[PDB]
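Raw input.tsv, TSV, C-alpha atoms and all ligand atoms:
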chain	number	residue	atom	x	y	z
A	1	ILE	CA	-11.13	150.85	158.84
A	2	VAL	CA	-8.05	152.47	157.28
A	3	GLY	CA	-5.22	153.61	159.59
A	4	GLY	CA	-6.88	152.15	162.72
A	5	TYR	CA	-5.66	149.60	165.29
A	6	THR	CA	-6.74	146.16	166.51
A	7	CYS	CA	-9.39	146.78	169.13
A	8	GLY	CA	-8.65	143.67	171.16
A	9	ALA	CA	-11.17	140.80	171.57
A	10	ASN	CA	-14.60	141.80	172.82
A	11	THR	CA	-13.56	145.31	173.81
A	12	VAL	CA	-16.46	146.69	171.72
A	13	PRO	CA	-19.28	144.42	173.02
A	14	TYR	CA	-22.06	146.21	171.13
A	15	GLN	CA	-20.49	145.68	167.68
A	16	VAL	CA	-22.25	143.15	165.47
A	17	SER	CA	-21.40	141.67	162.05
A	18	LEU	CA	-24.24	141.27	159.47
A	19	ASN	CA	-23.59	138.00	157.67
A	20	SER	CA	-24.99	136.40	154.46
A	21	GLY	CA	-22.32	133.69	154.02
A	22	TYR	CA	-19.69	136.48	154.51
A	23	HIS	CA	-19.46	139.71	156.51
A	24	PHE	CA	-21.04	142.58	154.53
A	25	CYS	CA	-21.86	145.33	157.10
A	26	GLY	CA	-21.65	146.22	160.78
A	27	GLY	CA	-24.35	147.22	163.28
A	28	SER	CA	-24.83	148.12	166.95
A	29	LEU	CA	-26.81	146.22	169.57
A	30	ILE	CA	-29.14	148.71	171.35
A	31	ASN	CA	-31.12	146.21	173.50
A	32	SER	CA	-31.30	142.37	173.60
A	33	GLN	CA	-33.49	142.04	170.56
A	34	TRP	CA	-32.68	145.02	168.34
A	35	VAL	CA	-29.74	146.18	166.21
A	36	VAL	CA	-29.30	149.49	164.40
A	37	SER	CA	-27.45	149.52	161.08
A	38	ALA	CA	-27.58	151.45	157.78
A	39	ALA	CA	-30.41	151.24	155.31
A	40	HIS	CA	-28.11	150.65	152.35
A	41	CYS	CA	-26.92	147.44	154.05
A	42	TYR	CA	-30.41	145.94	153.73
A	43	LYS	CA	-30.81	142.48	152.08
A	44	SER	CA	-32.82	139.39	152.95
A	45	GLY	CA	-31.25	136.38	154.66
A	46	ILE	CA	-29.32	138.26	157.33
A	47	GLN	CA	-27.75	136.46	160.25
A	48	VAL	CA	-26.50	138.79	163.01
A	49	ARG	CA	-23.24	137.69	164.65
A	50	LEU	CA	-22.61	139.02	168.15
A	51	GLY	CA	-19.54	138.56	170.35
A	52	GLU	CA	-17.16	138.35	167.48
A	53	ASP	CA	-13.53	139.32	167.23
A	54	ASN	CA	-12.08	137.04	164.46
A	55	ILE	CA	-15.09	136.63	162.02
A	56	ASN	CA	-13.44	133.61	160.32
A	57	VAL	CA	-12.82	131.54	163.50
A	58	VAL	CA	-15.36	130.46	166.12
A	59	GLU	CA	-13.30	131.47	169.23
A	60	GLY	CA	-16.08	131.28	171.82
A	61	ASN	CA	-18.46	134.15	172.87
A	62	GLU	CA	-20.18	134.17	169.51
A	63	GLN	CA	-24.00	134.17	169.30
A	64	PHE	CA	-25.45	133.79	165.71
A	65	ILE	CA	-29.08	134.85	165.53
A	66	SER	CA	-31.25	135.26	162.49
A	67	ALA	CA	-32.96	138.57	161.94
A	68	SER	CA	-36.80	138.21	162.15
A	69	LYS	CA	-37.37	141.57	160.31
A	70	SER	CA	-35.40	144.55	159.02
A	71	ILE	CA	-37.07	147.97	159.03
A	72	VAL	CA	-35.53	150.44	156.64
A	73	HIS	CA	-36.44	154.06	157.43
A	74	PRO	CA	-39.55	154.92	155.21
A	75	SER	CA	-37.87	158.12	153.91
A	76	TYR	CA	-34.55	156.47	153.08
A	77	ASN	CA	-33.28	157.84	149.70
A	78	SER	CA	-30.80	155.45	148.06
A	79	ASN	CA	-29.57	158.23	145.78
A	80	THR	CA	-28.60	160.75	148.49
A	81	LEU	CA	-28.32	158.26	151.37
A	82	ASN	CA	-30.41	160.67	153.46
A	83	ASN	CA	-32.02	158.75	156.41
A	84	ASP	CA	-29.51	155.87	156.01
A	85	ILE	CA	-30.70	153.91	159.04
A	86	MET	CA	-32.34	150.54	159.59
A	87	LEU	CA	-33.50	148.60	162.67
A	88	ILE	CA	-33.17	144.78	162.75
A	89	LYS	CA	-35.20	142.71	165.13
A	90	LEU	CA	-33.57	139.41	166.23
A	91	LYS	CA	-35.52	136.10	166.07
A	92	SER	CA	-34.58	135.46	169.75
A	93	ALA	CA	-33.08	137.79	172.32
A	94	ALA	CA	-29.29	137.74	172.75
A	95	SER	CA	-27.75	136.78	176.18
A	96	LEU	CA	-26.05	139.97	177.31
A	97	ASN	CA	-22.92	139.66	179.40
A	98	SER	CA	-19.59	141.50	179.50
A	99	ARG	CA	-18.71	140.34	176.00
A	100	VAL	CA	-22.09	141.09	174.43
A	101	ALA	CA	-23.73	144.34	175.58
A	102	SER	CA	-25.92	147.08	174.15
A	103	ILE	CA	-24.86	150.69	173.68
A	104	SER	CA	-27.03	153.66	174.75
A	105	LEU	CA	-28.87	155.97	172.42
A	106	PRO	CA	-28.02	159.69	172.95
A	107	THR	CA	-30.19	162.30	174.59
A	108	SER	CA	-28.49	165.20	172.82
A	109	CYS	CA	-26.44	165.50	169.64
A	110	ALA	CA	-22.65	165.76	169.96
A	111	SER	CA	-20.60	168.84	169.18
A	112	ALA	CA	-17.79	169.30	166.70
A	113	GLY	CA	-14.47	168.18	168.15
A	114	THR	CA	-16.15	165.39	170.15
A	115	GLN	CA	-13.82	162.32	169.95
A	116	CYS	CA	-15.52	159.05	169.00
A	117	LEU	CA	-14.69	155.40	168.51
A	118	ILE	CA	-15.47	153.88	165.09
A	119	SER	CA	-15.07	150.11	164.65
A	120	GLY	CA	-15.59	147.45	161.99
A	121	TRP	CA	-14.27	144.65	159.75
A	122	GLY	CA	-14.29	146.83	156.62
A	123	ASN	CA	-11.46	147.33	154.16
A	124	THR	CA	-8.15	148.47	155.62
A	125	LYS	CA	-6.72	149.83	152.30
A	126	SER	CA	-7.60	153.12	150.69
A	127	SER	CA	-5.94	152.03	147.45
A	128	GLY	CA	-7.03	148.37	147.12
A	129	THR	CA	-8.97	145.83	149.20
A	130	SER	CA	-7.67	144.03	152.32
A	131	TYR	CA	-10.33	142.77	154.74
A	132	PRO	CA	-9.19	141.90	158.27
A	133	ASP	CA	-10.07	138.84	160.34
A	134	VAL	CA	-10.33	140.79	163.61
A	135	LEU	CA	-12.07	143.98	164.60
A	136	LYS	CA	-10.35	147.30	163.89
A	137	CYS	CA	-10.84	150.53	165.79
A	138	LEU	CA	-10.33	154.14	164.96
A	139	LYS	CA	-10.63	157.18	167.22
A	140	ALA	CA	-11.88	160.19	165.20
A	141	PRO	CA	-13.36	163.60	165.97
A	142	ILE	CA	-16.67	165.00	164.63
A	143	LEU	CA	-15.87	167.89	162.25
A	144	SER	CA	-17.71	171.22	162.11
A	145	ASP	CA	-20.65	171.41	159.74
A	146	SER	CA	-18.84	174.08	157.71
A	147	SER	CA	-15.86	171.87	157.05
A	148	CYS	CA	-18.16	168.97	156.18
A	149	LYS	CA	-20.26	171.04	153.70
A	150	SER	CA	-17.12	172.49	152.29
A	151	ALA	CA	-15.91	168.97	151.58
A	152	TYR	CA	-19.18	167.68	150.13
A	153	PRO	CA	-21.01	170.76	148.82
A	154	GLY	CA	-24.70	170.10	148.22
A	155	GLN	CA	-24.54	166.50	149.57
A	156	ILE	CA	-24.83	166.94	153.34
A	157	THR	CA	-28.26	166.97	154.95
A	158	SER	CA	-29.21	167.79	158.51
A	159	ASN	CA	-29.21	163.99	159.15
A	160	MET	CA	-25.52	163.59	158.46
A	161	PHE	CA	-22.24	164.73	160.04
A	162	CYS	CA	-18.61	164.25	159.10
A	163	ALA	CA	-15.97	162.71	161.35
A	164	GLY	CA	-12.32	162.00	160.59
A	165	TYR	CA	-9.09	163.60	159.37
A	166	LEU	CA	-8.85	166.03	156.44
A	167	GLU	CA	-5.21	165.00	155.97
A	168	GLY	CA	-6.43	161.49	154.84
A	169	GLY	CA	-4.88	158.16	156.04
A	170	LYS	CA	-7.45	157.37	158.81
A	171	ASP	CA	-11.15	156.63	157.97
A	172	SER	CA	-13.91	153.99	157.90
A	173	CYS	CA	-14.47	152.25	154.51
A	174	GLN	CA	-16.73	149.76	152.68
A	175	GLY	CA	-17.50	146.90	155.04
A	176	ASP	CA	-17.68	149.18	158.04
A	177	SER	CA	-21.12	150.61	156.86
A	178	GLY	CA	-23.87	150.25	159.40
A	179	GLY	CA	-21.44	150.10	162.31
A	180	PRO	CA	-21.08	152.37	165.34
A	181	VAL	CA	-19.64	155.82	165.99
A	182	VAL	CA	-19.71	156.01	169.84
A	183	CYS	CA	-18.87	159.18	171.67
A	184	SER	CA	-18.85	159.38	175.45
A	185	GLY	CA	-20.67	156.09	175.66
A	186	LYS	CA	-23.60	157.01	173.41
A	187	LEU	CA	-24.21	155.87	169.81
A	188	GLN	CA	-24.00	159.18	167.90
A	189	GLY	CA	-23.46	157.86	164.37
A	190	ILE	CA	-23.80	155.04	161.87
A	191	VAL	CA	-21.04	154.55	159.25
A	192	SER	CA	-22.73	155.55	155.96
A	193	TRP	CA	-20.60	156.90	153.05
A	194	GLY	CA	-17.60	158.93	151.87
A	195	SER	CA	-15.60	159.56	148.63
A	196	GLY	CA	-13.10	156.72	148.50
A	197	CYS	CA	-11.65	155.92	151.88
A	198	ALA	CA	-9.06	157.90	153.78
A	199	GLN	CA	-8.62	160.47	150.93
A	200	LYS	CA	-7.45	163.97	151.78
A	201	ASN	CA	-10.31	166.45	152.32
A	202	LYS	CA	-12.92	163.64	151.93
A	203	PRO	CA	-13.85	162.62	155.50
A	204	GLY	CA	-16.46	159.99	156.26
A	205	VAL	CA	-20.15	160.91	156.49
A	206	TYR	CA	-22.29	159.36	159.18
A	207	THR	CA	-25.98	159.15	159.91
A	208	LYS	CA	-26.80	161.54	162.80
A	209	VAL	CA	-28.49	159.21	165.29
A	210	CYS	CA	-29.70	161.93	167.74
A	211	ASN	CA	-32.21	162.97	165.00
A	212	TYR	CA	-33.74	159.51	165.09
A	213	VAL	CA	-34.17	158.62	168.74
A	214	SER	CA	-37.95	159.16	168.83
A	215	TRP	CA	-38.39	157.21	165.57
A	216	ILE	CA	-36.28	154.35	166.96
A	217	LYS	CA	-38.20	154.21	170.21
A	218	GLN	CA	-41.64	154.44	168.56
A	219	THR	CA	-40.79	151.85	165.96
A	220	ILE	CA	-39.42	149.37	168.54
A	221	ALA	CA	-42.43	150.01	170.76
A	222	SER	CA	-44.82	149.03	167.96
A	223	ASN	CA	-42.94	145.92	166.64
A	301	LIG	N1	-14.92	156.99	153.41
A	301	LIG	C1	-15.79	156.46	154.24
A	301	LIG	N2	-15.79	156.90	155.48
A	301	LIG	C2	-16.70	155.44	153.82
A	301	LIG	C3	-17.66	154.89	154.71
A	301	LIG	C4	-18.56	153.89	154.34
A	301	LIG	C5	-18.48	153.45	153.06
A	301	LIG	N3	-19.22	152.53	152.46
A	301	LIG	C6	-18.88	152.36	151.18
A	301	LIG	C7	-19.40	151.32	150.34
A	301	LIG	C8	-18.86	151.06	149.04
A	301	LIG	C9	-19.34	150.05	148.17
A	301	LIG	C10	-18.66	149.89	146.78
A	301	LIG	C11	-19.16	148.73	145.91
A	301	LIG	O1	-20.22	148.90	145.35
A	301	LIG	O2	-18.48	147.73	145.83
A	301	LIG	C12	-20.40	149.27	148.62
A	301	LIG	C13	-20.92	149.52	149.86
A	301	LIG	BR1	-22.39	148.46	150.50
A	301	LIG	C14	-20.45	150.51	150.71
A	301	LIG	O3	-21.07	150.69	151.92
A	301	LIG	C15	-17.85	153.26	151.01
A	301	LIG	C16	-17.61	153.92	152.15
A	301	LIG	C17	-16.70	154.92	152.50
A	302	CA	CA	-15.24	134.38	165.44
A	303	CL	CL	-24.00	173.08	150.68
structure tokens encoding of this file:
Amino acid sequence: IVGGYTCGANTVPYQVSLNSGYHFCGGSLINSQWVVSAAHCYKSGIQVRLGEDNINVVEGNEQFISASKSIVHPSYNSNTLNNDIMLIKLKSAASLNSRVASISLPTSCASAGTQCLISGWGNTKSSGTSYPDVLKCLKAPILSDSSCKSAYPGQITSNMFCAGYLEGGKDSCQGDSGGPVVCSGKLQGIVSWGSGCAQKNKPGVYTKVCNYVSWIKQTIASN
């Protein structure tokens, strides 16, 4: 997260860290046994870390659970990043409490101007790499589809939306991929891609979760 602030320990109880000997992507807990992340974060040997704040220190509240299976959306396109969503089933259910909790799926899509909370342990530099130990937060609005298409002509599908600041300086970045974009208590987006991080007129692009609710429910119901 570039230009964000320190969230504060366990203030984002649905945020998870995908770990393979290091933190490589974020995710959101949607129930005690399932996590939603981005398809391009897929790899084998994933350990999901819940209740984290400092990812380099065991501070208490952490639950480390292996993923039993990862389900990348069948129509995911790694060249356009269209349908950049993945569901991860945990080997055992997590113990939910005030520090570890799931976030709700939306019932409707959000409108432009909606303010959302984006969080993650991704890079904090736009010009260089600096990875934080604790969780960073960024409040950002969803932009209109016209501004988004204007910024990324020909690259925005109906399953994506832009959120951020056209002036640059505040944005999600590598390392934050797969994590949550929560607006009014519902998971509306998944951090997916952008041109650089925090560059002027190059806002972040997020997977539009409201377009996948039925797929998520049906897939979880059958696995
Ligand atoms: N501007 C944004 N809002 C944004 C959001 C997610 C991002 N993810 C990535 C990303 C970049 C790499 C670069 C590399 O190959 O080292 C790798 C991954 Br995986 C990313 O998700 C960039 C990136 C930018
Ligand atoms: Ca920790
Ligand atoms: Cl276009």
statement: Computed gap from CA of residue 209 in chain A to CA of residue 106 in chain A is 7.7 Å
Give me, as a Markdown table, the closest atom pair and its distance (Å, one decimal) for every residue of range 91-167 of chain A within a cut-off of 6 Å of range 186-200 of chain A, counting only C-alpha atoms, rows sorted by chain and rising number.
| residue | atom | partner | partner_atom | distance |
| --- | --- | --- | --- | --- |
| A:104 | CA | A:186 | CA | 5.0 |
| A:105 | CA | A:187 | CA | 5.3 |
| A:106 | CA | A:186 | CA | 5.2 |
| A:126 | CA | A:197 | CA | 5.1 |
| A:166 | CA | A:200 | CA | 5.3 |
| A:167 | CA | A:200 | CA | 4.9 |
Residues of chain A that approach ligand CL 303 (chain A) to 6 Å or less, counting only C-alpha atoms and all ligand atoms: could you list each one with the shortest pair of atoms and its distance in Å to one decimal, rows by chain and increasing residue number, as a tab-separated table?
residue	atom	partner	partner_atom	distance
A:149	CA	A:CL303	CL	5.2
A:153	CA	A:CL303	CL	4.2
A:154	CA	A:CL303	CL	3.9
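Of the residues under consideration (A:129, A:147, A:214, A:174), A:174 shows the shortest atom-to-atom contact distance to ligand LIG 301 (chain A) when counting all atoms listed in the file.
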Report as JSON lines the residues of chain A within 9 Å of ligand CA 302 (chain A), each with its shortest atom pair and distance in Å (one decimal), using all atoms listed in the file, ordered by chain and increasing residue number.
{"residue": "A:49", "atom": "CA", "partner": "A:CA302", "partner_atom": "CA", "distance": 8.7}
{"residue": "A:51", "atom": "CA", "partner": "A:CA302", "partner_atom": "CA", "distance": 7.8}
{"residue": "A:52", "atom": "CA", "partner": "A:CA302", "partner_atom": "CA", "distance": 4.9}
{"residue": "A:53", "atom": "CA", "partner": "A:CA302", "partner_atom": "CA", "distance": 5.5}
{"residue": "A:54", "atom": "CA", "partner": "A:CA302", "partner_atom": "CA", "distance": 4.2}
{"residue": "A:55", "atom": "CA", "partner": "A:CA302", "partner_atom": "CA", "distance": 4.1}
{"residue": "A:56", "atom": "CA", "partner": "A:CA302", "partner_atom": "CA", "distance": 5.5}
{"residue": "A:57", "atom": "CA", "partner": "A:CA302", "partner_atom": "CA", "distance": 4.2}
{"residue": "A:58", "atom": "CA", "partner": "A:CA302", "partner_atom": "CA", "distance": 4.0}
{"residue": "A:59", "atom": "CA", "partner": "A:CA302", "partner_atom": "CA", "distance": 5.2}
{"residue": "A:60", "atom": "CA", "partner": "A:CA302", "partner_atom": "CA", "distance": 7.1}
{"residue": "A:61", "atom": "CA", "partner": "A:CA302", "partner_atom": "CA", "distance": 8.1}
{"residue": "A:62", "atom": "CA", "partner": "A:CA302", "partner_atom": "CA", "distance": 6.4}
{"residue": "A:133", "atom": "CA", "partner": "A:CA302", "partner_atom": "CA", "distance": 8.5}
{"residue": "A:134", "atom": "CA", "partner": "A:CA302", "partner_atom": "CA", "distance": 8.3}
Residues of chain A that have any atom at most 10 Å from an atom of ligand LIG 301 (chain A): could you tabulate them with the shortest-distance atom pair and the distance in Å to one decimal, using only C-alpha atoms and all ligand atoms, ordered by chain and increasing number, as a Markdown table?
| residue | atom | partner | partner_atom | distance |
| --- | --- | --- | --- | --- |
| A:1 | CA | A:LIG301 | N2 | 8.3 |
| A:2 | CA | A:LIG301 | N1 | 9.1 |
| A:24 | CA | A:LIG301 | BR1 | 7.3 |
| A:25 | CA | A:LIG301 | BR1 | 7.3 |
| A:26 | CA | A:LIG301 | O3 | 9.9 |
| A:38 | CA | A:LIG301 | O3 | 8.8 |
| A:39 | CA | A:LIG301 | BR1 | 9.8 |
| A:40 | CA | A:LIG301 | BR1 | 6.4 |
| A:41 | CA | A:LIG301 | BR1 | 5.8 |
| A:42 | CA | A:LIG301 | BR1 | 9.0 |
| A:122 | CA | A:LIG301 | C4 | 8.6 |
| A:123 | CA | A:LIG301 | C16 | 9.2 |
| A:126 | CA | A:LIG301 | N1 | 8.7 |
| A:162 | CA | A:LIG301 | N2 | 8.7 |
| A:163 | CA | A:LIG301 | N2 | 8.3 |
| A:164 | CA | A:LIG301 | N2 | 8.0 |
| A:168 | CA | A:LIG301 | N1 | 9.7 |
| A:170 | CA | A:LIG301 | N2 | 9.0 |
| A:171 | CA | A:LIG301 | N2 | 5.3 |
| A:172 | CA | A:LIG301 | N2 | 4.2 |
| A:173 | CA | A:LIG301 | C2 | 4.0 |
| A:174 | CA | A:LIG301 | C6 | 3.7 |
| A:175 | CA | A:LIG301 | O3 | 6.1 |
| A:176 | CA | A:LIG301 | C4 | 6.1 |
| A:177 | CA | A:LIG301 | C4 | 4.9 |
| A:178 | CA | A:LIG301 | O3 | 8.0 |
| A:179 | CA | A:LIG301 | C4 | 9.3 |
| A:190 | CA | A:LIG301 | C4 | 9.2 |
| A:191 | CA | A:LIG301 | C4 | 5.5 |
| A:192 | CA | A:LIG301 | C4 | 4.8 |
| A:193 | CA | A:LIG301 | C4 | 3.9 |
| A:194 | CA | A:LIG301 | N1 | 3.6 |
| A:195 | CA | A:LIG301 | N1 | 5.5 |
| A:196 | CA | A:LIG301 | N1 | 5.2 |
| A:197 | CA | A:LIG301 | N1 | 3.8 |
| A:198 | CA | A:LIG301 | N1 | 5.9 |
| A:199 | CA | A:LIG301 | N1 | 7.6 |
| A:202 | CA | A:LIG301 | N1 | 7.1 |
| A:203 | CA | A:LIG301 | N2 | 6.0 |
| A:204 | CA | A:LIG301 | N2 | 3.3 |
| A:205 | CA | A:LIG301 | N2 | 6.0 |
| A:206 | CA | A:LIG301 | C3 | 7.8 |
query: Can you tell me how far CA of residue 70 in chain A sits from CA of residue 137 in chain A, in Å to one decimal?
result: 26.2 Å
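In this structure, CA of residue 218 in chain A sits 23.5 Å away from CA of residue 183 in chain A.
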message: Using all atoms listed in the file, which protein or nucleic acid residues come within 9 Å of range 77-94 of chain A? Drop anything in the same chain fewer than 3 positions from it, and give the result as a PyMOL selection string.
response: chain A and resi 31-42+47-48+50+63-74+100+155-160+178+190+192-193+206-209+212+216+219-220+223
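Across A:201, A:108, A:130, A:124, the tightest approach to residue 151 in chain A is made by A:201 when counting only C-alpha atoms.
The closest residue to residue 99 in chain A, picked from A:10, A:114, A:150, A:184 and counting all atoms listed in the file, is A:10.
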query: Hey, can you pull every residue with an atom no more than 6 Å from (-16.3, 157.7, 163.1), using only C-alpha atoms, and send it as a PyMOL selection string?
result: chain A and resi 118+140+163+181
For the residues selected in the previous step, produce a file with C-alpha atoms as an mmCIF file, keeping the file's coordinate frame.
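As a result, result.cif now contains:
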data_model
loop_
_atom_site.group_PDB
_atom_site.id
_atom_site.type_symbol
_atom_site.label_atom_id
_atom_site.label_comp_id
_atom_site.auth_asym_id
_atom_site.auth_seq_id
_atom_site.Cartn_x
_atom_site.Cartn_y
_atom_site.Cartn_z
ATOM 1 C CA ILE A 118 -15.470 153.880 165.090
ATOM 2 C CA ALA A 140 -11.880 160.190 165.200
ATOM 3 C CA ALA A 163 -15.970 162.710 161.350
ATOM 4 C CA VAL A 181 -19.640 155.820 165.990
#
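Nearest to residue 16 in chain A of all the residues A:127, A:119, A:44, A:75 is A:119, counting only C-alpha atoms.
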Could you rebuild range 187-206 of chain A with N, CA, C and O atoms and give me the result as a short mmCIF file (atom, residue, chain, number, x, y, z; two decimals), in the coordinates of the input?
data_model
loop_
_atom_site.label_atom_id
_atom_site.label_comp_id
_atom_site.auth_asym_id
_atom_site.auth_seq_id
_atom_site.Cartn_x
_atom_site.Cartn_y
_atom_site.Cartn_z
N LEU A 187 -24.29 156.16 171.27
CA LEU A 187 -24.21 155.87 169.81
C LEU A 187 -24.62 157.19 169.10
O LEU A 187 -25.80 157.49 169.04
N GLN A 188 -23.67 157.92 168.58
CA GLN A 188 -24.00 159.18 167.90
C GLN A 188 -24.07 159.00 166.38
O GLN A 188 -24.75 159.78 165.72
N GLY A 189 -23.40 158.03 165.84
CA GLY A 189 -23.46 157.86 164.37
C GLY A 189 -23.45 156.41 163.90
O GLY A 189 -23.18 155.48 164.67
N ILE A 190 -23.76 156.33 162.61
CA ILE A 190 -23.80 155.04 161.87
C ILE A 190 -22.89 155.31 160.64
O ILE A 190 -23.04 156.32 159.94
N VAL A 191 -21.96 154.42 160.40
CA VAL A 191 -21.04 154.55 159.25
C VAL A 191 -21.94 154.51 157.98
O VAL A 191 -22.65 153.52 157.77
N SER A 192 -21.88 155.53 157.17
CA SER A 192 -22.73 155.55 155.96
C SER A 192 -21.93 155.66 154.64
O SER A 192 -21.85 154.69 153.90
N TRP A 193 -21.34 156.80 154.34
CA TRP A 193 -20.60 156.90 153.05
C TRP A 193 -19.43 157.87 153.13
O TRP A 193 -19.16 158.43 154.19
N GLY A 194 -18.77 158.02 152.02
CA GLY A 194 -17.60 158.93 151.87
C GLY A 194 -17.09 158.76 150.43
O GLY A 194 -17.51 157.86 149.74
N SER A 195 -16.19 159.63 150.01
CA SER A 195 -15.60 159.56 148.63
C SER A 195 -14.30 158.79 148.80
O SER A 195 -13.33 159.35 149.32
N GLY A 196 -14.32 157.56 148.38
CA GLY A 196 -13.10 156.72 148.50
C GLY A 196 -13.01 156.50 150.00
O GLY A 196 -14.01 156.66 150.70
N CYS A 197 -11.85 156.14 150.44
CA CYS A 197 -11.65 155.92 151.88
C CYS A 197 -10.28 156.50 152.14
O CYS A 197 -9.35 156.28 151.39
N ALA A 198 -10.25 157.20 153.23
CA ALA A 198 -9.06 157.90 153.78
C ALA A 198 -8.42 158.89 152.77
O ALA A 198 -7.22 159.06 152.83
N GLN A 199 -9.21 159.50 151.92
CA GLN A 199 -8.62 160.47 150.93
C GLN A 199 -8.56 161.83 151.61
O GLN A 199 -9.36 162.16 152.47
N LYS A 200 -7.62 162.62 151.18
CA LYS A 200 -7.45 163.97 151.78
C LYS A 200 -8.71 164.78 151.47
O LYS A 200 -9.27 164.65 150.39
N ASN A 201 -9.10 165.57 152.43
CA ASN A 201 -10.31 166.45 152.32
C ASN A 201 -11.63 165.75 151.99
O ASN A 201 -12.56 166.42 151.56
N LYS A 202 -11.69 164.46 152.20
CA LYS A 202 -12.92 163.64 151.93
C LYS A 202 -13.16 162.75 153.16
O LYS A 202 -12.94 161.54 153.10
N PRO A 203 -13.60 163.35 154.23
CA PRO A 203 -13.85 162.62 155.50
C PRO A 203 -15.09 161.72 155.36
O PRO A 203 -15.83 161.80 154.40
N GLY A 204 -15.28 160.89 156.34
CA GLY A 204 -16.46 159.99 156.26
C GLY A 204 -17.70 160.77 156.71
O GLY A 204 -17.61 161.72 157.47
N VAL A 205 -18.82 160.32 156.20
CA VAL A 205 -20.15 160.91 156.49
C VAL A 205 -20.89 159.77 157.19
O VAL A 205 -20.90 158.61 156.79
N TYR A 206 -21.50 160.20 158.25
CA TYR A 206 -22.29 159.36 159.18
C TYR A 206 -23.71 159.81 159.42
O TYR A 206 -23.97 161.00 159.42
#
